[PDB]
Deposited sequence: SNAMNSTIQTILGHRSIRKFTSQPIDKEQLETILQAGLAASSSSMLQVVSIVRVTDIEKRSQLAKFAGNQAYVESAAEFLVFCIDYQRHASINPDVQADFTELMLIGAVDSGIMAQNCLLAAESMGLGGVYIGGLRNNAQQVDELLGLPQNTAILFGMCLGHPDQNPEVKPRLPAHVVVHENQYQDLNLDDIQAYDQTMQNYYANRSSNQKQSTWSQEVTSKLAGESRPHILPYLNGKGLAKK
């Protein structure tokens, strides 16, 4: 074994926190972990907004779809794509290529996952909040983001006050392909649907996820990004 692996494998989203704050030294370490993430071309295109102002916390909770743990978490971090630093160094920077939004999205996930694992390694718990993107522009303006930047997701951190079971995922032989993409075996989806309702014990996982994707998935996001100068071509 080792403690990093058991930390990774014991992951659960935590959505209920005690009122205990996170020590100043733990938070410094969590952010230090984030900053040690790999970075495409060393561009360093991620910014983090730490929200301590409780009026802003309450507004973010509402913008995220009334997720109360946005308010009650000890800390709330907002991960943002940031090409404003670069444009402030050299205004010829071309930040509107879709490639650069891919980079900002991937690098944000890498950094955020270092932050979360570092926190979980210390007995803390957390959850990602993609719900900020429901009202992306309102969140953007609330945190004062300039052009060439955009919100991607938030992250709640705190001392956990709940003990969920680990949720199973699709098996590695479904998700991992050897040398070339393998067509899906629908029997593996049926076996996994069974695993999920065992976990949850009417819609099965397969019906829920494809029900969600049959509709429109935040169709305001490309205009939002375009409005900040991003993903225009």
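Q: Counting from residue 1 of the deposited sequence, where are the gaps with no C-alpha coordinates?
A: Going by the record, the segments left unmodelled (no C-alpha atoms) fall at 1 to 3, 205 to 211.
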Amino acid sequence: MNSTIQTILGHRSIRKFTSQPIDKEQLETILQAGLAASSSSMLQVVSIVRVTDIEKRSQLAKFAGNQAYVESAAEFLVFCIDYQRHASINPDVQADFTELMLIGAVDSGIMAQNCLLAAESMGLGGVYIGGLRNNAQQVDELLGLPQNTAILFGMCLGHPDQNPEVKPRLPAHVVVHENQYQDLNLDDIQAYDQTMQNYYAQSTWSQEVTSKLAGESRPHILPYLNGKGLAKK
From here on, numbers count along this sequence of modelled residues.
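Q: Taking only the CA atoms, which stretch has the higher mean B-factor in the record, 216 to 224 or 18 to 26?
A: Averaging CA B-factors over each stretch, the winner is 18 to 26.
Q: Quick check on the record: does 163 to 171 or 183 to 191 carry the larger mean Cα temperature factor?
A: It is 183 to 191 that shows the higher mean C-alpha B-factor.
Q: For the C-alpha B-factor as written in the entry, point me to the maximum among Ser206, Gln67, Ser47, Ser38.
A: So the option with the highest C-alpha B-factor is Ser206.
Q: Please work out which residue in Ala119, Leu132, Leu145, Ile89 has the highest C-alpha B-factor recorded for this crystal structure.
A: Top of the list by C-alpha B-factor: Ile89.
Q: By its CA B factor, does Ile81 count among the lowest, middle or highest third of the modelled residues in the chain?
A: As the PDB entry reports it, the C-alpha B-factor of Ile81 lands in the lowest third of its chain.
Q: Give the position of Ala231 by CA B-factor within its chain, expressed as the lowest, middle or highest third.
A: For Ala231, whose C-alpha B-factor we compare with every modelled residue in the chain, the answer is the lowest third.
Q: Comparing against every modelled residue in the chain, figure out the third that the C-alpha B-factor of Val93 lands in (lowest, middle or highest).
A: Its C-alpha B-factor belongs to the highest third of this chain's values.
Q: Taking the entry's C-alpha B-factors for this chain, is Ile5 in the lowest, middle or highest third?
A: Middle third - that is where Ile5 ends up once the chain's C-alpha B-factors are sorted.
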